[PDB]
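File shown here: query_14.csv, holding CSV, C-alpha atoms.
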chain,number,residue,atom,x,y,z
Z,47,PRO,CA,-186.9,-50.8,-34.5
Z,48,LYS,CA,-190.3,-50.8,-36.3
Z,49,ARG,CA,-190.4,-52.5,-39.7
Z,50,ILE,CA,-191.0,-49.8,-42.3
Z,51,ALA,CA,-192.1,-50.3,-45.9
Z,52,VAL,CA,-191.1,-47.3,-48.0
Z,53,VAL,CA,-193.4,-47.2,-51.0
Z,54,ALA,CA,-192.6,-43.6,-51.8
Z,55,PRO,CA,-189.0,-43.5,-53.0
Z,56,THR,CA,-188.5,-39.9,-52.1
Z,57,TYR,CA,-188.4,-40.8,-48.4
Z,58,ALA,CA,-186.2,-43.8,-48.5
Z,59,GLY,CA,-182.9,-42.0,-47.9
Z,60,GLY,CA,-184.3,-39.7,-45.2
Z,61,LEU,CA,-185.7,-42.5,-43.0
Z,62,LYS,CA,-182.6,-44.6,-43.6
Z,63,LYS,CA,-180.4,-41.8,-42.4
Z,64,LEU,CA,-182.4,-41.5,-39.2
Z,65,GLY,CA,-181.9,-45.1,-38.4
Z,66,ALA,CA,-185.2,-46.6,-39.5
Z,67,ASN,CA,-185.4,-50.3,-40.0
Z,68,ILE,CA,-186.5,-50.3,-43.7
Z,69,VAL,CA,-187.6,-53.8,-44.8
Z,70,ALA,CA,-189.0,-52.8,-48.2
Z,71,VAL,CA,-188.3,-49.9,-50.6
Z,72,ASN,CA,-189.6,-48.9,-54.0
Z,73,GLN,CA,-187.4,-50.4,-56.7
Z,74,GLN,CA,-186.8,-47.0,-58.3
Z,75,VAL,CA,-184.1,-46.2,-55.8
Z,76,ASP,CA,-181.8,-48.5,-57.8
Z,77,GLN,CA,-181.7,-45.9,-60.5
Z,78,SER,CA,-179.6,-43.9,-58.1
Z,79,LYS,CA,-175.9,-44.8,-57.5
Z,80,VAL,CA,-176.1,-43.6,-54.0
Z,81,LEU,CA,-179.4,-45.2,-52.9
Z,82,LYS,CA,-178.8,-48.4,-54.9
Z,83,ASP,CA,-175.8,-49.0,-52.6
Z,84,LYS,CA,-177.5,-47.9,-49.4
Z,85,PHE,CA,-180.4,-50.2,-50.0
Z,86,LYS,CA,-178.6,-53.3,-51.4
Z,87,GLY,CA,-180.0,-56.3,-49.5
Z,88,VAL,CA,-183.3,-54.5,-48.9
Z,89,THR,CA,-186.3,-56.0,-50.6
Z,90,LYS,CA,-187.4,-54.0,-53.7
Z,91,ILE,CA,-191.1,-53.4,-54.5
Z,92,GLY,CA,-193.0,-51.7,-57.3
Z,93,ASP,CA,-196.2,-49.6,-57.3
Z,94,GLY,CA,-199.1,-52.0,-57.0
Z,95,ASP,CA,-197.1,-54.7,-55.2
Z,96,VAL,CA,-199.3,-54.9,-52.1
Z,97,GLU,CA,-198.7,-58.5,-51.5
Z,98,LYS,CA,-194.9,-58.1,-51.7
Z,99,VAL,CA,-195.2,-55.4,-49.1
Z,100,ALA,CA,-197.4,-57.6,-46.9
Z,101,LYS,CA,-194.9,-60.4,-47.1
Z,102,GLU,CA,-192.4,-58.2,-45.3
Z,103,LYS,CA,-194.7,-57.7,-42.2
Z,104,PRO,CA,-194.4,-53.9,-42.1
Z,105,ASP,CA,-195.5,-51.9,-39.0
Z,106,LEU,CA,-195.7,-48.7,-41.1
Z,107,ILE,CA,-196.0,-48.1,-44.8
Z,108,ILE,CA,-194.8,-44.8,-46.2
Z,109,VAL,CA,-196.7,-43.4,-49.2
Z,110,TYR,CA,-197.4,-40.2,-51.3
Z,111,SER,CA,-200.8,-38.6,-50.7
Z,112,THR,CA,-201.6,-39.4,-54.3
Z,113,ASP,CA,-200.9,-43.1,-54.0
Z,114,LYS,CA,-204.0,-44.9,-55.2
Z,115,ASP,CA,-203.3,-48.1,-53.2
Z,116,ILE,CA,-203.6,-46.5,-49.8
Z,117,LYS,CA,-207.0,-48.2,-49.3
Z,118,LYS,CA,-205.1,-51.5,-49.9
Z,119,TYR,CA,-202.0,-50.8,-47.9
Z,120,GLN,CA,-204.1,-49.9,-44.8
Z,121,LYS,CA,-205.2,-53.6,-44.6
Z,122,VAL,CA,-201.5,-54.5,-44.1
Z,123,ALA,CA,-200.3,-51.8,-41.7
Z,124,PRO,CA,-201.0,-48.2,-40.8
Z,125,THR,CA,-200.2,-46.1,-43.9
Z,126,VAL,CA,-198.3,-42.8,-43.5
Z,127,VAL,CA,-198.8,-40.0,-45.9
Z,128,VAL,CA,-195.9,-37.6,-46.0
Z,129,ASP,CA,-196.2,-34.2,-47.7
Z,130,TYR,CA,-194.6,-34.0,-51.1
Z,131,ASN,CA,-193.0,-30.5,-51.3
Z,132,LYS,CA,-190.4,-30.2,-54.1
Z,133,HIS,CA,-189.2,-26.8,-52.8
Z,134,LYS,CA,-188.9,-27.5,-49.1
Z,135,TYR,CA,-186.2,-30.2,-49.2
Z,136,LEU,CA,-184.9,-29.6,-45.7
Z,137,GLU,CA,-188.3,-29.7,-44.0
Z,138,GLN,CA,-189.1,-32.8,-45.9
Z,139,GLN,CA,-186.4,-34.4,-43.7
Z,140,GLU,CA,-187.9,-32.8,-40.6
Z,141,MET,CA,-191.3,-34.4,-41.4
Z,142,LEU,CA,-189.6,-37.8,-41.5
Z,143,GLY,CA,-187.9,-37.0,-38.2
Z,144,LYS,CA,-191.4,-36.7,-36.7
Z,145,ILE,CA,-192.3,-40.3,-37.7
Z,146,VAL,CA,-189.3,-41.8,-35.9
Z,147,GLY,CA,-189.1,-39.3,-33.1
Z,148,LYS,CA,-185.7,-37.8,-34.0
Z,149,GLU,CA,-186.5,-34.2,-34.9
Z,150,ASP,CA,-183.6,-32.8,-32.9
Z,151,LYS,CA,-181.2,-35.1,-34.7
Z,152,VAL,CA,-182.6,-33.6,-37.9
Z,153,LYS,CA,-182.1,-30.0,-36.7
Z,154,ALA,CA,-178.5,-30.8,-36.0
Z,155,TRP,CA,-178.1,-32.4,-39.4
Z,156,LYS,CA,-179.7,-29.3,-40.9
Z,157,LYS,CA,-177.4,-26.9,-39.1
Z,158,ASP,CA,-174.4,-28.8,-40.4
Z,159,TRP,CA,-175.7,-28.9,-43.9
Z,160,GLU,CA,-176.5,-25.2,-44.2
Z,161,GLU,CA,-173.2,-24.0,-42.7
Z,162,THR,CA,-171.2,-26.5,-44.7
Z,163,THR,CA,-172.8,-25.6,-48.1
Z,164,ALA,CA,-172.5,-21.9,-47.2
Z,165,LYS,CA,-168.7,-22.3,-47.0
Z,166,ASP,CA,-168.8,-24.6,-50.0
Z,167,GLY,CA,-170.5,-22.0,-52.1
Z,168,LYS,CA,-167.9,-19.4,-51.0
Z,169,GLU,CA,-165.0,-21.7,-52.1
Z,170,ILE,CA,-166.7,-22.3,-55.4
Z,171,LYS,CA,-167.3,-18.6,-56.1
Z,172,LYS,CA,-163.6,-17.8,-55.4
Z,173,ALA,CA,-162.9,-20.3,-58.1
Z,174,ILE,CA,-165.3,-19.4,-60.8
Z,175,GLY,CA,-166.1,-15.9,-59.7
Z,176,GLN,CA,-169.0,-14.5,-57.6
Z,177,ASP,CA,-171.0,-13.3,-60.6
Z,178,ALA,CA,-170.5,-16.5,-62.6
Z,179,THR,CA,-173.9,-17.9,-63.6
Z,180,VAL,CA,-174.7,-21.6,-63.5
Z,181,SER,CA,-177.4,-23.2,-65.7
Z,182,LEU,CA,-179.1,-26.6,-65.1
Z,183,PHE,CA,-180.3,-28.7,-68.0
Z,184,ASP,CA,-182.0,-32.2,-67.8
Z,185,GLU,CA,-183.3,-34.2,-70.7
Z,186,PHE,CA,-186.4,-36.2,-69.7
Z,187,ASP,CA,-188.2,-38.4,-72.2
Z,188,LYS,CA,-186.9,-36.7,-75.4
Z,189,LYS,CA,-187.7,-33.3,-73.8
Z,190,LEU,CA,-185.2,-30.7,-72.5
Z,191,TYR,CA,-185.8,-28.9,-69.2
Z,192,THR,CA,-184.1,-26.3,-67.0
Z,193,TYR,CA,-184.9,-25.9,-63.3
Z,194,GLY,CA,-184.7,-23.2,-60.7
Z,195,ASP,CA,-183.9,-23.7,-57.0
Z,196,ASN,CA,-187.2,-25.4,-56.1
Z,197,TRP,CA,-187.3,-28.5,-58.2
Z,198,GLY,CA,-184.4,-30.6,-57.1
Z,199,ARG,CA,-182.2,-32.3,-59.7
Z,200,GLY,CA,-179.4,-30.5,-57.9
Z,201,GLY,CA,-181.1,-27.1,-58.1
Z,202,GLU,CA,-181.5,-27.0,-54.3
Z,203,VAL,CA,-177.7,-27.5,-53.8
Z,204,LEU,CA,-176.7,-25.1,-56.6
Z,205,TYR,CA,-179.0,-22.2,-55.8
Z,206,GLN,CA,-180.4,-22.7,-52.3
Z,207,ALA,CA,-177.4,-24.2,-50.5
Z,208,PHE,CA,-174.3,-23.0,-52.3
Z,209,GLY,CA,-176.1,-19.8,-53.2
Z,210,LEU,CA,-174.7,-19.8,-56.7
Z,211,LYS,CA,-176.2,-17.4,-59.3
Z,212,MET,CA,-178.7,-18.7,-61.8
Z,213,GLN,CA,-178.5,-17.7,-65.4
Z,214,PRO,CA,-180.9,-14.7,-65.9
Z,215,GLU,CA,-183.3,-16.0,-68.4
Z,216,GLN,CA,-183.2,-19.4,-66.7
Z,217,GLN,CA,-184.4,-17.7,-63.5
Z,218,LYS,CA,-187.3,-15.9,-65.2
Z,219,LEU,CA,-188.5,-18.9,-67.1
Z,220,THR,CA,-188.5,-21.1,-64.0
Z,221,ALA,CA,-189.6,-18.7,-61.3
Z,222,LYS,CA,-193.2,-19.7,-61.7
Z,223,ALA,CA,-193.3,-23.5,-61.5
Z,224,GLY,CA,-189.6,-24.0,-60.7
Z,225,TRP,CA,-189.2,-25.7,-64.0
Z,226,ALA,CA,-189.6,-25.0,-67.7
Z,227,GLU,CA,-189.2,-26.8,-71.0
Z,228,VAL,CA,-186.5,-25.5,-73.3
Z,229,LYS,CA,-186.2,-25.4,-77.1
Z,230,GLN,CA,-182.9,-27.1,-77.9
Z,231,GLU,CA,-182.2,-24.5,-80.6
Z,232,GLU,CA,-182.8,-21.7,-78.1
Z,233,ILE,CA,-180.4,-23.1,-75.5
Z,234,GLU,CA,-178.1,-20.2,-75.9
Z,235,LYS,CA,-180.7,-17.9,-74.4
Z,236,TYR,CA,-180.4,-19.9,-71.2
Z,237,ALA,CA,-176.7,-20.9,-71.3
Z,238,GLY,CA,-174.7,-19.4,-68.4
Z,239,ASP,CA,-171.0,-19.3,-67.7
Z,240,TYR,CA,-171.2,-22.8,-66.4
Z,241,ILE,CA,-173.7,-25.5,-67.4
Z,242,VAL,CA,-174.6,-28.5,-65.2
Z,243,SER,CA,-176.0,-31.2,-67.5
Z,244,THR,CA,-177.5,-34.5,-66.3
Z,245,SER,CA,-176.0,-36.5,-69.2
Z,246,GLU,CA,-173.1,-38.1,-67.3
Z,247,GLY,CA,-172.4,-41.6,-68.6
Z,248,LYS,CA,-174.8,-41.1,-71.5
Z,249,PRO,CA,-173.6,-41.2,-75.1
Z,250,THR,CA,-173.4,-37.5,-76.0
Z,251,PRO,CA,-177.1,-36.5,-76.1
Z,252,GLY,CA,-178.8,-34.8,-79.0
Z,253,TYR,CA,-178.9,-31.4,-77.4
Z,254,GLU,CA,-175.2,-31.6,-76.6
Z,255,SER,CA,-174.1,-32.2,-80.3
Z,256,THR,CA,-175.9,-29.4,-82.1
Z,257,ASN,CA,-173.8,-26.6,-83.7
Z,258,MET,CA,-175.3,-24.1,-81.2
Z,259,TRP,CA,-174.4,-26.2,-78.2
Z,260,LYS,CA,-170.8,-26.7,-79.5
Z,261,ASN,CA,-170.5,-22.9,-79.9
Z,262,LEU,CA,-171.7,-22.0,-76.3
Z,263,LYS,CA,-169.1,-20.1,-74.4
Z,264,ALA,CA,-169.4,-22.6,-71.6
Z,265,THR,CA,-168.9,-25.6,-74.0
Z,266,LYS,CA,-165.9,-24.0,-75.7
Z,267,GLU,CA,-164.3,-23.1,-72.3
Z,268,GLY,CA,-164.8,-26.6,-70.9
Z,269,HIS,CA,-167.4,-25.4,-68.3
Z,270,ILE,CA,-169.8,-28.2,-68.8
Z,271,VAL,CA,-170.5,-30.1,-65.6
Z,272,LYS,CA,-172.2,-33.5,-66.2
Z,273,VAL,CA,-174.0,-35.3,-63.4
Z,274,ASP,CA,-175.8,-38.6,-63.0
Z,275,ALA,CA,-179.5,-38.0,-63.8
Z,276,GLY,CA,-180.6,-41.0,-61.8
Z,277,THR,CA,-178.7,-40.0,-58.7
Z,278,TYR,CA,-179.7,-36.4,-58.9
Z,279,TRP,CA,-183.4,-37.3,-59.0
Z,280,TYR,CA,-183.5,-37.6,-55.2
Z,281,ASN,CA,-183.1,-35.1,-52.4
Z,282,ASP,CA,-182.5,-37.2,-49.2
Z,283,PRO,CA,-179.5,-36.5,-46.9
Z,284,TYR,CA,-177.3,-39.2,-48.5
Z,285,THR,CA,-178.0,-37.9,-52.0
Z,286,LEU,CA,-177.7,-34.3,-50.9
Z,287,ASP,CA,-174.2,-35.0,-49.4
Z,288,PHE,CA,-173.2,-36.6,-52.7
Z,289,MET,CA,-174.4,-33.9,-55.0
Z,290,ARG,CA,-172.8,-31.4,-52.6
Z,291,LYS,CA,-169.3,-33.0,-53.0
Z,292,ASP,CA,-169.9,-33.9,-56.7
Z,293,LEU,CA,-170.9,-30.4,-57.8
Z,294,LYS,CA,-168.3,-28.6,-55.7
Z,295,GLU,CA,-165.6,-30.8,-57.1
Z,296,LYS,CA,-166.6,-30.5,-60.7
Z,297,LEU,CA,-167.2,-26.7,-60.8
Z,298,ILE,CA,-163.9,-26.0,-59.1
Z,299,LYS,CA,-161.8,-28.3,-61.4
Z,300,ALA,CA,-163.4,-26.7,-64.4
Z,301,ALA,CA,-163.1,-23.1,-63.1
Z,302,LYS,CA,-162.1,-20.4,-65.6
Whole structure, structure tokens version:
Amino acid sequence: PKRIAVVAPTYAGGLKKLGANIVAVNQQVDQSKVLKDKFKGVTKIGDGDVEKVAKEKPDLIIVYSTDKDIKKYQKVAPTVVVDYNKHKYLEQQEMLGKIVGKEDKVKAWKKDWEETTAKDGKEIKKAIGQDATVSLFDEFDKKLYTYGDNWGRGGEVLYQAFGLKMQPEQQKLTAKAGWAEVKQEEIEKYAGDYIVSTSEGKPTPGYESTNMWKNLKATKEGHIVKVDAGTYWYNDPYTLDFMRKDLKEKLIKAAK
């Protein structure tokens, strides 16, 4: 059970799921309700904390290719660079399986996930309707965004796994980069039948209290699904299972 220091938060959940002995993890995982709980008791570290990592005697240090302290981490233990692909969330997990030699266990997990979300999507569509469109909005640093299926934040579960229909303009605007900034006073142009908003637990945000927002058909019909921004930032198996249950449950209860 090698001692693994996970500097890149994105891979904490995936390596944890596969049984890795994680002795250090980037503090950012605490912004997630799911990962905060999974990693309680595990030493937290911040970018630049090379000595803290060293104190944990890691055998492998997991980092992003763009990490600037690689030249420093290497003096402590071999430093593993894992590809950062926002779109390929399932092969991200297969990459991690290669590190710990558990790629068949990943394939099995993958099969279960795809089949399960396929049926989940079907149940959801019987509820809200096959042609019901679902939008995704996320306020980040005073700026409003909308994502497609290849940018996480729940987009992979909504559009790739469940196979739910994206709002038309939302799909065009995000096709290119997978994301796109939105003008709050143009929100209506992207507002679908249902709206998934990452404002859960937050005092009603600014974009959710404008007269246009209040007049959206989804808002008036009670079709606004709020989710925890911090939790939805990740795409590891644990997080994926959570968003899966969380989105399925909220859409269905709000249905029609």
**OP:** Tell me, in Å to one decimal, how far CA of residue 190 (chain Z) is from CA of residue 253 (chain Z).
**Re:**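 Here the two named atoms are 8.0 Å from each other.
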Original post:
Rounded to one decimal in Å, what is the spacing between CA of residue 227 (chain Z) and CA of residue 192 (chain Z)?
Top reply: 6.5 Å
**OP:** Select, counting only C-alpha atoms, all protein, DNA and RNA residues no farther than 9 Å from (-181.4, -31.5, -51.4) in file coordinates, and express the selection as a ChimeraX atom specification.
**Re:** /Z:134-136,198-203,206-207,280-283,285-287,289-290
Selection above as a file: C-alpha atoms, as an mmCIF file, keeping the file's coordinate frame:
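The result, stored in again.cif:
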data_model
loop_
_atom_site.group_PDB
_atom_site.id
_atom_site.type_symbol
_atom_site.label_atom_id
_atom_site.label_comp_id
_atom_site.auth_asym_id
_atom_site.auth_seq_id
_atom_site.Cartn_x
_atom_site.Cartn_y
_atom_site.Cartn_z
ATOM 1 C CA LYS Z 134 -188.900 -27.500 -49.100
ATOM 2 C CA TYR Z 135 -186.200 -30.200 -49.200
ATOM 3 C CA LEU Z 136 -184.900 -29.600 -45.700
ATOM 4 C CA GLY Z 198 -184.400 -30.600 -57.100
ATOM 5 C CA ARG Z 199 -182.200 -32.300 -59.700
ATOM 6 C CA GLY Z 200 -179.400 -30.500 -57.900
ATOM 7 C CA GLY Z 201 -181.100 -27.100 -58.100
ATOM 8 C CA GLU Z 202 -181.500 -27.000 -54.300
ATOM 9 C CA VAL Z 203 -177.700 -27.500 -53.800
ATOM 10 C CA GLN Z 206 -180.400 -22.700 -52.300
ATOM 11 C CA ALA Z 207 -177.400 -24.200 -50.500
ATOM 12 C CA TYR Z 280 -183.500 -37.600 -55.200
ATOM 13 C CA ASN Z 281 -183.100 -35.100 -52.400
ATOM 14 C CA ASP Z 282 -182.500 -37.200 -49.200
ATOM 15 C CA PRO Z 283 -179.500 -36.500 -46.900
ATOM 16 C CA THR Z 285 -178.000 -37.900 -52.000
ATOM 17 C CA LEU Z 286 -177.700 -34.300 -50.900
ATOM 18 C CA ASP Z 287 -174.200 -35.000 -49.400
ATOM 19 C CA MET Z 289 -174.400 -33.900 -55.000
ATOM 20 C CA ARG Z 290 -172.800 -31.400 -52.600
#
Subject >> Atom pair CA of residue 219 (chain Z) / CA of residue 257 (chain Z): separation (Å) >> reply: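 Going from CA of residue 219 (chain Z) over to CA of residue 257 (chain Z) covers 23.5 Å.
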**OP:** Would you list the contacts of region 114-122 of chain Z as a VMD selection string, taking every protein, DNA or RNA residue within 10 Å and counting all atoms listed in the file, but skipping same-chain residues closer than 6 positions in sequence?
**Re:** chain Z and resid 53 93 to 97 99 to 108
Could you write region 120-135 of chain Z as a PDB file, keeping the file's coordinate frame, with N, CA, C and O atoms rebuilt where they are missing?
ATOM      1  N   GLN Z 120    -203.531 -50.056 -46.201  1.00  0.00           N
ATOM      2  CA  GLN Z 120    -204.100 -49.900 -44.800  1.00  0.00           C
ATOM      3  C   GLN Z 120    -204.486 -51.288 -44.241  1.00  0.00           C
ATOM      4  O   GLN Z 120    -204.555 -51.432 -43.013  1.00  0.00           O
ATOM      5  N   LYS Z 121    -204.781 -52.265 -45.098  1.00  0.00           N
ATOM      6  CA  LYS Z 121    -205.200 -53.600 -44.600  1.00  0.00           C
ATOM      7  C   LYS Z 121    -203.971 -54.351 -44.120  1.00  0.00           C
ATOM      8  O   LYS Z 121    -204.105 -55.363 -43.432  1.00  0.00           O
ATOM      9  N   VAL Z 122    -202.785 -53.858 -44.476  1.00  0.00           N
ATOM     10  CA  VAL Z 122    -201.500 -54.500 -44.100  1.00  0.00           C
ATOM     11  C   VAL Z 122    -200.923 -53.855 -42.838  1.00  0.00           C
ATOM     12  O   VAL Z 122    -200.470 -54.548 -41.921  1.00  0.00           O
ATOM     13  N   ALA Z 123    -200.911 -52.528 -42.818  1.00  0.00           N
ATOM     14  CA  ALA Z 123    -200.300 -51.800 -41.700  1.00  0.00           C
ATOM     15  C   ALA Z 123    -200.715 -50.321 -41.816  1.00  0.00           C
ATOM     16  O   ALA Z 123    -201.111 -49.857 -42.891  1.00  0.00           O
ATOM     17  N   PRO Z 124    -200.618 -49.570 -40.719  1.00  0.00           N
ATOM     18  CA  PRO Z 124    -201.000 -48.200 -40.800  1.00  0.00           C
ATOM     19  C   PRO Z 124    -200.162 -47.519 -41.962  1.00  0.00           C
ATOM     20  O   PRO Z 124    -198.963 -47.780 -42.122  1.00  0.00           O
ATOM     21  N   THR Z 125    -200.836 -46.704 -42.769  1.00  0.00           N
ATOM     22  CA  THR Z 125    -200.200 -46.100 -43.900  1.00  0.00           C
ATOM     23  C   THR Z 125    -199.977 -44.568 -43.724  1.00  0.00           C
ATOM     24  O   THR Z 125    -200.909 -43.769 -43.587  1.00  0.00           O
ATOM     25  N   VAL Z 126    -198.697 -44.203 -43.719  1.00  0.00           N
ATOM     26  CA  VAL Z 126    -198.300 -42.800 -43.500  1.00  0.00           C
ATOM     27  C   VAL Z 126    -198.097 -41.991 -44.743  1.00  0.00           C
ATOM     28  O   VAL Z 126    -197.280 -42.306 -45.611  1.00  0.00           O
ATOM     29  N   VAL Z 127    -198.874 -40.920 -44.826  1.00  0.00           N
ATOM     30  CA  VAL Z 127    -198.800 -40.000 -45.900  1.00  0.00           C
ATOM     31  C   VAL Z 127    -197.867 -38.865 -45.535  1.00  0.00           C
ATOM     32  O   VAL Z 127    -198.089 -38.199 -44.521  1.00  0.00           O
ATOM     33  N   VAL Z 128    -196.806 -38.667 -46.309  1.00  0.00           N
ATOM     34  CA  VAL Z 128    -195.900 -37.600 -46.000  1.00  0.00           C
ATOM     35  C   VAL Z 128    -196.005 -36.575 -47.145  1.00  0.00           C
ATOM     36  O   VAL Z 128    -196.089 -36.943 -48.318  1.00  0.00           O
ATOM     37  N   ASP Z 129    -196.048 -35.303 -46.771  1.00  0.00           N
ATOM     38  CA  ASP Z 129    -196.200 -34.200 -47.700  1.00  0.00           C
ATOM     39  C   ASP Z 129    -195.104 -34.264 -48.794  1.00  0.00           C
ATOM     40  O   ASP Z 129    -193.946 -34.586 -48.517  1.00  0.00           O
ATOM     41  N   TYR Z 130    -195.494 -33.957 -50.024  1.00  0.00           N
ATOM     42  CA  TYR Z 130    -194.600 -34.000 -51.100  1.00  0.00           C
ATOM     43  C   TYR Z 130    -194.294 -32.539 -51.585  1.00  0.00           C
ATOM     44  O   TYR Z 130    -194.981 -32.025 -52.462  1.00  0.00           O
ATOM     45  N   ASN Z 131    -193.310 -31.894 -50.972  1.00  0.00           N
ATOM     46  CA  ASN Z 131    -193.000 -30.500 -51.300  1.00  0.00           C
ATOM     47  C   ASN Z 131    -191.616 -30.497 -52.021  1.00  0.00           C
ATOM     48  O   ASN Z 131    -190.572 -30.709 -51.404  1.00  0.00           O
ATOM     49  N   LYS Z 132    -191.647 -30.221 -53.316  1.00  0.00           N
ATOM     50  CA  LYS Z 132    -190.400 -30.200 -54.100  1.00  0.00           C
ATOM     51  C   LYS Z 132    -189.483 -29.053 -53.703  1.00  0.00           C
ATOM     52  O   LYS Z 132    -188.270 -29.197 -53.829  1.00  0.00           O
ATOM     53  N   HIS Z 133    -190.025 -27.955 -53.183  1.00  0.00           N
ATOM     54  CA  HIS Z 133    -189.200 -26.800 -52.800  1.00  0.00           C
ATOM     55  C   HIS Z 133    -188.590 -26.880 -51.389  1.00  0.00           C
ATOM     56  O   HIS Z 133    -187.444 -26.465 -51.185  1.00  0.00           O
ATOM     57  N   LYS Z 134    -189.343 -27.398 -50.430  1.00  0.00           N
ATOM     58  CA  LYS Z 134    -188.900 -27.500 -49.100  1.00  0.00           C
ATOM     59  C   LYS Z 134    -188.172 -28.805 -48.745  1.00  0.00           C
ATOM     60  O   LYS Z 134    -188.658 -29.609 -47.946  1.00  0.00           O
ATOM     61  N   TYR Z 135    -187.009 -28.994 -49.366  1.00  0.00           N
ATOM     62  CA  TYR Z 135    -186.200 -30.200 -49.200  1.00  0.00           C
ATOM     63  C   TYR Z 135    -185.698 -30.471 -47.814  1.00  0.00           C
ATOM     64  O   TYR Z 135    -185.516 -31.626 -47.428  1.00  0.00           O
TER      65      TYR Z 135
END
